[PDB]
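Below sits a lone chain in structure tokens, taken as the form deposited in one PDB entry.
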């Protein structure tokens, strides 16, 4: 059969690894019991880092607890975080986290997550902590999809679909991904560029002067117009449409694009962002780039979108 080398490109946290997990669920055979048990430590670490970030932001943003009794809980939490074996979640810690999560001050801070770059799965895990710490708990595929682990190795995802043999690789532009650049850009059949729609109101951890969507736009410009990819199929995934639909109700898109004069609705603000990316294609009138609004954690959405990508490839 024909071999298809497909690259998933995009800024950190855009959704590359999530699409890779979806390929395993959709085109391979999901996760076995033992593979799900693997994710418990990762999920606990993810959960602890999420609450610690919200707690530190209480100080940074100067928000006070709805209940002063929480201040001691926060202190004990920080202390335990330095004491527990990494990846564990003892009863005392989970009890403290649940009390903090319920606090109105903590919730006011959670609502201001954009201001401190909180990972998107924070609310997912934290609002369902009791299920995660029940003796007998086995991560569901959605739990696994929502997780984030630091993978230093090169992971090739191979699967057959529509009589094509896919060899898929997820690659970032950050320096730690350099070993992948030695060969990842050779003989690429298709590039799926992923950009988080919800990145529009966020700045970088280091450069508070640099907007994340602008960084993604900058990378797309570099890739899209590179001579290596003049005839490569390129598809744009405007990811995190679910987070975006909520964000759009509170932060105006003009925060990112001063020229934006629209009503800030999911559809119009979404199309405006799509245009900002697609207009960068200087090969546009010659080489067309399709785009899809995606929710990488939604298996049905990813299944449909990847099917369209495959028909494009064919």
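Numbering follows the first chain given and starts at 1. Take the two forms, find the largest set of C-alpha atoms that superpose within 1.5 Å, and that set is the rigid core.
Another form exists, deposited in another entry; not displayed. Remarks below refer to it.
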Candidates 178, 91, 227, 79; compared between this form and the one not shown on the rigid core, the one with a C-alpha shift of 2 angstroms or more is 178
Is it true that residue 130 shifts between this form and the one not shown by 2 Å or more at the Cα, once the core is aligned? no
Compare the position of the CA of residue 108 between this form and the one not shown after a rigid core fit and state whether the shift reaches 2 Å. no
After superposing the rigid core, is the C-alpha displacement of residue 205 2 Å or more between this form and the one not shown? yes
Cα of residue 206 vs residue 17, shift of 3 Å or more in the other entry, relative to this form: the pair sits closer
With a difference of at least 3 Å, the CA distance of residue 23 and residue 180 in the other entry shows the atoms farther
